[PDB]
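A short worksheet on the structure shown next.
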Ligand SMILES: [Ca+2]
């Protein structure tokens, strides 16, 4: 008689995507004279997006409309049932692989082992990258925090130096931002009776690139003091003003920790002596701020060895841990150490081999903080950015995030948080996901209960919808590009050379995923044969590689 099915889709309510899905659900009733009814459910309605696989398998849901490569961790073959970086990159080629070169049956055998019936692929779109900052070349991906959908997509970007996270499309921007600063933030941790920290944030270079720096610090109170548990410190340090040659500088900072004699207002005095590539100097300074509001400013003056022949930025973090706001349930190691105070030792490592060792002593005399600093920097290349003053302060952390194509990403508000779009060159507009396929998968028991006449009709329905969906998305994307311009969003194109650099990374990662199990091996072997047959892949790009 009448069959009812609940199917949840990866599309959020109020997307172009979701509207196309409900339309399909009405088409299925038409194509079956009301014998099969599909109740559509937006993302999250019944279970979370990434929980759909287990919900369908167990029958909580009858079926799902996911992005197929979300199952890459638990079914390697599914990394090969949607585009991967710099492989087959036209919708028609994936249609051919699926419907004549054996892809569909490969997919069906793999899913049936899980108690799922893979109906067929649904054509969708290519994907864009929405970024807060201008990523203008391959090297700019290093240090970026990037949301991506895992599997081979994430592996390729991790090999290009990105930190990757997996989040559902609907939930990228409350969080990815927090995550990026969590990265750039110092990481406090108790060890061996000291409070230690590690900071992993790049300098900003005038050419837009970044220059990596690893900061390791040991802080030790001069009297025994309660150590805290591990925690995090958001610190933002600005250079407020400077003279021409930086012999007089004003900086200020706000610092906050998260999971009687130190008065509300405190002044400090600092003296630094140091050497960088053999250039000796001294600095004297005076500062003030609000230790519990954690806002401080200071004025520094080069008293010897001025002008300094290197970037001020390597000294700025050396000039005040008493001025960090700590919540009540995090012991304040720095404040509790007073009046005797504390010492620290630091070893900053850069990416060109430059090294700085720093020693600091912090005490309290007469109601004023006294800081003494000794700094030794060596091994900076003479032409490098530190010695040639080509740096601009410290990165606050960089967020970029793939999700889908331009319309639906606009539905989800990406234009508000990110003012750049990163695409490939016109030859290769999508480097990571040119053909981002969805599918329909039905609980296997549900499927086999359906009369074979309705089975065939549902398969036909899905094949028709694959291209209606595709066509609908593509139309919306045409409307979206003008809205991006109105929002102030700038489209950046990478170069052919940038593509070559991704390609060297991508091909070996293909073969590693291919060799995970028998299904992944079978599917990649047939994709590779096709790619070789149409001149996608040369024999030479392949040298040293074999299933
Ligand atoms: Ca994507």
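Basis: the model, the stated rules and, where named, an outside source; nothing here is a laboratory result. No Cβ is skipped: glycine too gets one built from the backbone with ideal geometry, and neighbour counts run over all protein chains shown.
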Problem set entry | Identity of the residue in the range 41-66, crowded, with 20+ Cβ neighbours inside 10 Å and more than 30 Å from the chain's Cα centre (by Cα), that ends up farthest from residue 451 (Cα to Cα) | 61
Exercise. More than 25 Å from the chain's Cα centre (by Cα) and part of a strand (DSSP E or B), is that true of residue 439?
Worked result: yes
Exercise. Could you list, in sequence order, the residues of the range 3-40 that are buried (at least 20 other Cβ atoms within 10 Å of the Cβ), touching a helix residue (DSSP H, G or I) at 6+ places or on another chain (Cβ under 7 Å) and in a helix (DSSP H, G or I)?
Worked result: 16, 17, 20, 24, 28
For this session: Considering every residue within the range 399-413, establish whether at least one is surrounded by 20 or more Cβ atoms within 10 Å (Cβ to Cβ) and more than 16 Å from the ligand (Cβ to nearest atom).
Result: no
Problem set entry | Scan of the range 144-170 for residues that are away from the ligand (no atom under 13 Å from the Cβ) and over 9 Å from the mean Cα position of the chain (by Cα), ordered by number | 155, 158, 159, 160, 161, 170
Exercise. Checking residue 69 against (1) away from the ligand (no atom under 16 Å from the Cβ); (2) in the same structural domain as residue 447 (by TED's automatic domain parsing), which single condition isn't satisfied?
Worked result: (1)
For this session: Mind listing whichever residues of the range 304-349 are under 20 Å from residue 375 (Cβ atoms) and in a loop (DSSP other than H, G, I, E, B)?
Result: 305, 306, 307, 308, 309, 310, 311, 315, 319, 320, 341
Problem set entry | All positions within the range 124-144 that are outside any helix (DSSP H, G or I) and out of contact with any strand residue (DSSP E or B) (no Cβ under 8 Å at 6 or more places or on another chain) | 125, 126, 137
